[PDB]
Amino acid sequence: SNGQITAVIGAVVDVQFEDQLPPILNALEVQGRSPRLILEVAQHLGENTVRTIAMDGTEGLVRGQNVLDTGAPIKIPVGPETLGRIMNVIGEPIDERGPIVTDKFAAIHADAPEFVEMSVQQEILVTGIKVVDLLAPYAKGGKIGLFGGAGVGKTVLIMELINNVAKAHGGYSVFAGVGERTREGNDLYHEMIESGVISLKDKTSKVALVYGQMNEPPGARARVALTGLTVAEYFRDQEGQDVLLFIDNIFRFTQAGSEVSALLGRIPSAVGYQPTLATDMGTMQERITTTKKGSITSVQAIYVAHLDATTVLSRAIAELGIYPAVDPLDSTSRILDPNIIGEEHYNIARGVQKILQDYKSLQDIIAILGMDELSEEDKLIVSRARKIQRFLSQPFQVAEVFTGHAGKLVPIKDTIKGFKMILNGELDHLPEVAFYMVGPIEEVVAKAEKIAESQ
Amino acid sequence: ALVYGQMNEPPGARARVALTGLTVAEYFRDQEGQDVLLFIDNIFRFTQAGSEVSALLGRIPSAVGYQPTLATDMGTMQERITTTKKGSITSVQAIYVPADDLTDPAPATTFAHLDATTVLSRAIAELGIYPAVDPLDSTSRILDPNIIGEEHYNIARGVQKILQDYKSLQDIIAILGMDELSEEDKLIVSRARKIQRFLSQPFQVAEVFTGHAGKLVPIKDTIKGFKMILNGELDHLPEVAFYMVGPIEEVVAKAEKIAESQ
Amino acid sequence: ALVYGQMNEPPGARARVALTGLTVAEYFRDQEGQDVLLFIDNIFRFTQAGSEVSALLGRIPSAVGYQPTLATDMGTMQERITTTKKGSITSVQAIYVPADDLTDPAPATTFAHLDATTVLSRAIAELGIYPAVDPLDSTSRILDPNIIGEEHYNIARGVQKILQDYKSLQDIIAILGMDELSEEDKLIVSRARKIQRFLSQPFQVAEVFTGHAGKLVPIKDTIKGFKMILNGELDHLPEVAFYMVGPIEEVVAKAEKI
Amino acid sequence: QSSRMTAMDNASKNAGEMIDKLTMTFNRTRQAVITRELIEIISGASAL
Amino acid sequence: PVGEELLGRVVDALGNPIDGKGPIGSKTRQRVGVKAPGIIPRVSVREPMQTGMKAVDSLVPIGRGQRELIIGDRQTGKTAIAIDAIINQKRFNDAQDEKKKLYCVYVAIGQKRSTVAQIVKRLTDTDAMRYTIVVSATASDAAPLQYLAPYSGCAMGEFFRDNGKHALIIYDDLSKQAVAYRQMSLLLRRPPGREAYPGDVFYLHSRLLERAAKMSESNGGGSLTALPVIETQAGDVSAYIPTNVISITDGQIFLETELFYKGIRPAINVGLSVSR
Amino acid sequence: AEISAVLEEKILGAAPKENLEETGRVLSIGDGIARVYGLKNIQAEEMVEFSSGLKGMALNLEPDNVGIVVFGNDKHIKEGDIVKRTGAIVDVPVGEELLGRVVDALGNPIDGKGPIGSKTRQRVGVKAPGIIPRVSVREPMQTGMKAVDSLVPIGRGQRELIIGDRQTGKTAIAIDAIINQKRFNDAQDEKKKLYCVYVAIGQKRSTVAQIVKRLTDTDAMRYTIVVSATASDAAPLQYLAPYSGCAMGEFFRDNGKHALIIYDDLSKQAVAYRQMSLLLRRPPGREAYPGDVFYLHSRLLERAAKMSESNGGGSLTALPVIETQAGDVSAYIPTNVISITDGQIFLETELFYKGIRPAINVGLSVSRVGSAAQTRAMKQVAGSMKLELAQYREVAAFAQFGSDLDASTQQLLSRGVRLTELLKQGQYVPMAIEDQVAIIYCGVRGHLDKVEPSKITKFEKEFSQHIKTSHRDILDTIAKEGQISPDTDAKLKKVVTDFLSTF
Amino acid sequence: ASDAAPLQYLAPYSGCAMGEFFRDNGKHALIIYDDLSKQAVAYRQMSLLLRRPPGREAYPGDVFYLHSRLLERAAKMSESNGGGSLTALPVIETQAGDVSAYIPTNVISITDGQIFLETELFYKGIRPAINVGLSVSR
Ligand SMILES: Nc1ncnc2c1ncn2[C@@H]1O[C@H](COP(=O)(O)OP(=O)(O)OP(=O)(O)O)[C@@H](O)[C@H]1O
Ligand SMILES: Nc1ncnc2c1ncn2[C@@H]1O[C@H](COP(=O)(O)OP(=O)(O)OP(=O)(O)O)[C@@H](O)[C@H]1O
Ligand SMILES: [Mg+2]
Ligand SMILES: [Mg+2]
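Residue numbers (the authors' numbering), protein chains in the order written: chain E, 12 to 315, 330 to 480; chain F, 219 to 480; chain D, 219 to 476; chain G, 221 to 268; chain C, 98 to 373; chain B, 6 to 508; chain A, 236 to 373.
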């Protein structure tokens, strides 16, 4: 179970064993490194030596150095103790908050759930965000693409997703910064501390963080998502919770897998990390699914291929004062079918989308000729569409100290009822500005009554 | 005689099937003194099978993924298709052009050994003219007043010029009409319609499916007929008398029957 | 002094004859303290003959089948051609671009080793303008308002802006013609065509090719003529009068002859 | 109306000629890209 | 394993049952690499294989014994077209006409296992499972299983073809099988070609798709109908694997992303859809 | 190792007395790569000394031999020569004594001004700071040019890329940023100072001499270190020069001071590392580059950050330069550096020859720090300026053939023309922040809509003189308040209207 | 076309030696290589079968040297060398009239002038279809 280093070429270490050869994906610890170096066995070369990828730096290694085989893959600490902490690939805490004292360790390479363990019903994960729950619903076990650039509240939306899932459903979240910048990671960590999702000394943390820097070797960044998925899998299997898994991002995960394949020299650089091919990404994608015990819902943070849902964040929506700045027309979902989410939900969503598209055409017509067109029917359409656009906005729990508005959690039935009443014109006599920054629809009625009493 | 190397065959069989058919044709030429016909369909599948054979041997591929021996493999296959002192082998080869690129190495290698061209046009088939051979896209290298003769060359050039004038005037007729054209233009478009109607011909092998008896028009009959149409000697006949008729005596006979039935 | 190793020579000889001419110029510069003129024609044959033997030296080829030490060999060759404190060398080197490509590694390496560049284009030579110098691809690093004069720099930048505007308009001109252009665009096109004709100049060595007498144009006459064209003082003249003439006085004389 | 029809006809003919030249350039660029990627894959595989 | 005991069962590429309903009772086993039928044992394709879609049954008709390609981008409706073709045969299999009955095979290659479970639920709900075999090689399955699953499903269909019955097989999708074979060929140190694909990916797909045929009346009169699926990226028809599959099959059905986002469902491009 | 001498001494059991643990002999030497037998106790990335006095670095530790990259001409190295390990990795001197000096990649002075009295040396392979010791970037790093200090702002501790084609002005942007800091280094406020490091990689010696002459004539050399790895230098020197310059800048960053590093250019370092990797028989990848060429630049550029107040508060802002061939930013090295850095500044040849200098493509240039890297007045005027420029670009995308346009469209087009003429700036003349704020404020408040654009530079040449002579109290009010108050806005509008009446 | 590639490569040099006989004996010889593009294709096949590194359009890097060492032997001798001469007329087949390709640009740089033939003029009956604007002689 003890081997010696034969060759050191970049982040690729060839290590020769004597008695027992470790299997593929096992972790081997170098015995002379003060920051310990874990090598993952990628292939067997024969002659009782194996080729391994390094999870840390390689400068200073000498040939013949002793390597101890752990007899298992990279076992990272899992549990409630990893909430609010930052871990590297191999589970060491890198937030200078002390050791991670836990009782549960789990290997980062596990099997996907079987064909009999999967639910035939394509349930949706309601997240309490009215625009998300209405126009682009989140499916349990689905793949979710979160778009947005600089100046938009993409980070605030991510933290609102974490807080709302931990509150409404009781399931935690895991963030995995696959090859992320140190400045962006520090900003995200401090924003998570400030907004109260990560709490120090109170044990009320809702997200577990796994980070991989850009100065890390390619092998280290290609297994950060596996570490985050392992923490999420502990929260799903051993607790029965619906767990969010934020990955930043799939593109950098594919890039790190392509760099690993280029270092190993077998697969050429033209082919890197297909969504299929369980060695590359098929196991990771199939371990993000909904089972009879729980579900893992993957959200990929994309900064501006197989996404079940997509929420596009636009600067123009934030320029109109609508928070969150989700574009209602560019946010699509495969789940928008009458056979899955119900006929009334699809009918309301299609009516809202049609009203918004007609409103954009009416705004173009008004900009061309003027505000008087097709009697008062177009004016009524414009008024209902503007009330819908105001009602799409919602205060955030995580941003109640930066904006001063108390965030609210809106169930899906409340959003359906409120938008149905707006479409039917039951609240058409209320002022437009009374529909702004309100969670439920009874809050809209109370806001309109307070406006009428004040004015 | 048929060979039919299928698409599920190994690449070696598909590469040598053209040589097998060429060997049967070479026996018909050398040991019988015949003018054999060889049909290859497709000739791009021959190149693709040769490329797969060379890639299975581990050789370094040439430009655009083809074998480095593409020119000499095509040359060795095609130089056995020639005319010798005993007989001749004439090859009609179906040609597929990948990605509609005539500068691709496989069509460009094929075009070096080509002595003619027969383009079958879908638009001509939509006009009811059979065979649907495009008279302008199809070309030949023996269009010369030393191989086919002065009269054949002049008549073919005159037919090509009239059809080119017709194609130029088709856009004008489509956008404006036909009444504003001059008398010369109306004579040109009438002769061109009669020329392109006379290009149609009944085939014996389709005579069950068509009901028209097939005709084998000799070359002097086609030369005389198109010379008559070019000179305006049949300006009084209707255009429908030229359709699906082999010779020109049957054109005037069909015109006489049309006049009598009218 | 002449040193010749030509294209009939083997690639070993063509890769070292430039160093022989450099050695003659270095002796005339250092050990004598003289002003030397060094003309090389052409550098690309040196850097191509270096690549012809690179495969026979057992080297891995570089991108587009070049020698992997092309940059370092060109650097060690070109750094010997310099003006030192002991003496001055003015060097004029021709460079060949294979298949009319400027992103080829050998000219792209040679670009950073030069002070003044004169890029010749085939498309300009197709238009009959001789010398076919690209006006928007030639740099000198002496083109500075504090070195060659403020008026000279301003005229040169104005000519380059006019020719860039004409190049941007050429896409619309090639489709919709001159009718869709505005009046300022027509003035831009007319002055740019006059500028392109006036950039051509009959050379004394090229007379046997053409028959025009070669003209030597003083730089004050050059900046005066281009200032006259940029100011619109010659908009009433045909552009053919601007073709193959040295000074602006020959432009006026040729216009009056027509 | 006649002048506008003739002007749009000339514009369409000029656009057709530009389309033909860009199509030839596109085919040449496509062949060069395929050849370059094949040579890069060959050089990557032959270094093992 | 082959037989009619596989109808209604969800099996993997090896034929092992994965639906949890118990072992299969097949008495016959058929090789996956069987040579395609020749020229004499087959006749011309004339029996209509009715998809049930108006645009397919009118503009690009599919006959019994024909390879018709369903090519398109992601999320365009290729699986929906294939599932509707499977569902449409219920009205023929219930009737007494033996020449109208069609037995279906659905080979899911490289898909998500939850999507295959939803497909099986949909076919069970519409009573189309009784004549359908589902062969699933998901993403978590190994690349050899994804390479083998089309040939396993083809052998199951060829049992019906050689027994006088008629079968329709769907390969959803063949691009995932080509990716799996590319990875196996690269890890076996085989010489690659364009896009690191080996020199016999065309031979792989041609020997797969030449087994769909209309047998002669002296050879039983049965038929096997293939509906391969190709997923393209940004409409790149000129890619290597789509070019090979287009050159193999007897026609293609093009699904357009632009038409799909306009709400035109099914998004069939009429000018690009060919049926020989 | 199976050579004839080794087989001879192993068959006979000679047991040779040469202890090759701390020394070695050269098996082969070629093109700056030495394969060395011996050096049993050598470590990776360690410096060695040859018998001719040349230095080398051990990059490949193979079981048979050691691969050494030679720091100099390989003519001095012969087969069988003795190589002695130094026992330490490469280090360079750091300190305030390097300011004003022109050094090579190893810290040796090449300006001829004698030695350097540096009392401290730092290794080049230092790990980058983690997520904890660094803080968010908010201090402005003022380049001094209006097109970049407003639209693509650069903060202290930010990796901002300058990417473009040849002869577009990337070096001009960098040198102008170095020159601009003389305003702050000559002042008394210590936190505003910025010490500069310029790393020339692969350039000719005449170009570096011209750069040093330009910095000496403008008195910017007194706070500037120039690290030179010229074209005739060895590939290990060109590869190691950015790391040595980064260590020199990290001395200022770790001592509570602020440093700015320019790598001109990282494309030459990538070419040099590609040559070393190809000659070491490492497996090539896309465009013959190794698989660690992303890790090379990421490791270099991750060390440029601003430290927290507990770590002294110092900063290190990097300005890498990338040369692009024919505008193809989809190549390997441009894609890597774009994915590493916190934003890019894109330069275009068409904008350069159109008169727009600096030729900054506003649409393609991003700054991820954004308005946090700006002062309050510059943020106030640039927020409106970027919106007006975006509106101008949107309305000019469909205004080539448009003549009878709308009045609002014509106003937007005219405003965009005024702003485009406003962003133009001459070479070697950096501008103060107050002058940029005043000129941009006049541009975006409609004060130049009635002014011909060709006179705007002359207006810039004169109105800045007007407020600096007769209306300096308004500038003092702006400096003390820190923002454009509406009363100061009205006073500035009155001054502008009076000046335009005089104009 | 049915011969081996080395024979196609050797034939221009064999003919050049036969013309060099008359060149060195005071006589005058005119030699025509129809065509050098097919010789370069044969030499490309020889180099690709020798596993030599391909360059522009998968051609070896000494194809310029191949044509230059062939065509430099055609020259005008002095009176002290017998007054002989050898005149070369190389033939190049282009694709779609592109003179910007690798081999045509090589032979243009080697030779003293070209006679360009246009397909457009050839289709209009202008024979010989010589482009006067492109065909020059130095
Ligand atoms: N004719 C149709 N009418 C309505 N919805 C349809 C239609 N065809 C497909 N859809 C819907 O479009 C979505 C995607 O279609 P489908 O999954 O069948 O396409 P696909 O090409 O198989 O996608 P993928 O590439 O993800 O496998 C589904 O939600 C499906 O319900
Ligand atoms: N803003 C400017 N105004 C006027 N001239 C300028 C400006 N910026 C650069 N130039 C001039 O443009 C030329 C090239 O610019 P510069 O050398 O800075 O570009 P570069 O990116 O360094 O190019 P290279 O690839 O040669 O290093 C020089 O003559 C310089 O004087
Ligand atoms: Mg599908
Ligand atoms: Mg520069």
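Even for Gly, the Cβ is constructed at its ideal location relative to N, Cα and C.
As assigned by DSSP and simplified to three states, the class of residue i
{"i": "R161 of chain C", "result": "coil"}
{"i": "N13 of chain E", "result": "strand"}
{"i": "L321 of chain A", "result": "strand"}
{"i": "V377 of chain D", "result": "helix"}
Cutoff 8 angstroms; reference residue i; Cβ partners in own chain excluding five residues on either side
{"i": "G251 of chain F", "result": "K304 and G305"}
{"i": "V23 of chain E", "result": "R62, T63, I64, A65, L274 and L275"}
{"i": "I155 of chain E", "result": "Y149, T308, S309, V310, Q311, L332, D333, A334, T335 and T336"}
Span of the alpha helix (DSSP H) around residue i
{"i": "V469 of chain D", "result": "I466 to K475"}
{"i": "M62 of chain B", "result": "No alpha helix (DSSP H) holds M62 of chain B; the beta strand (DSSP E) holding it covers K60 to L66."}
Residue range of the beta strand (DSSP E) that includes residue i
{"i": "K273 of chain A", "result": "Element bounds for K273 of chain A: not the beta strand (DSSP E) but the alpha helix (DSSP H), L271 to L284."}
{"i": "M292 of chain D", "result": "That residue, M292 of chain D, is in no beta strand (DSSP E); its alpha helix (DSSP H) goes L288 to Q296."}
{"i": "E54 of chain B", "result": "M52 to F55"}
beta-carbon residue i near ligand 6 non-hydrogen atom, thresh 7 angstroms
{"i": "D269 of chain C", "result": "Judged by which ligands are present, ligand 6 is missing from the structure shown, whose ligands are ligand 1, ligand 2, ligand 3 and ligand 4."}
Minimum C-alpha distance to residue i - residue among the options
{"i": "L104 of chain B", "options": "B:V131, B:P325, B:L265 and B:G35", "result": "B:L265"}
{"i": "residue 303 of chain G", "options": "B:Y294, B:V131 and B:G37", "result": "Nothing about residue 303 of chain G can be read from this structure; chain G reaches only from 221 to 268."}
{"i": "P134 of chain B", "options": "B:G388, B:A404, B:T346 and B:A310", "result": "B:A310"}
Spatial neighbours of residue i in its chain, beta-carbon cut-off 6 angstroms, leaving aside the 5 residues before and after
{"i": "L452 of chain D", "result": "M446"}
Near-chain G residues of the segment 273-299 of chain C - C-beta to any C-beta below 7 angstroms: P289, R291 and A293
Looking at chain B, which residues of the segment 63-85 of chain E have a Cβ within less than 7 angstroms of any of its Cβ atoms? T69, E70, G71, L72, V73 and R74
Where the segment 222-234 of chain G meets chain D: residues whose CB sits under 9 angstroms from a CB there: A227, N230, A231 and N234
Where the segment 378-395 of chain E meets chain B: residues whose CB sits under 9 angstroms from a CB there: none
Could you name the residues of the segment 327-341 of chain D whose beta carbon sits closer than 8 angstroms to any beta carbon of chain B, in the order they occur along the chain? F329, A330, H331 and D333
Between the segment 273-288 of chain D and chain B, which residues of the former have a C-beta closer than 9 angstroms to a C-beta of the latter? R277, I278, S280, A281, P286 and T287
For the segment 148-165 of chain E, enumerate the residues whose C-beta is nearer than 7 angstroms to any C-beta of chain C, in chain order. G152
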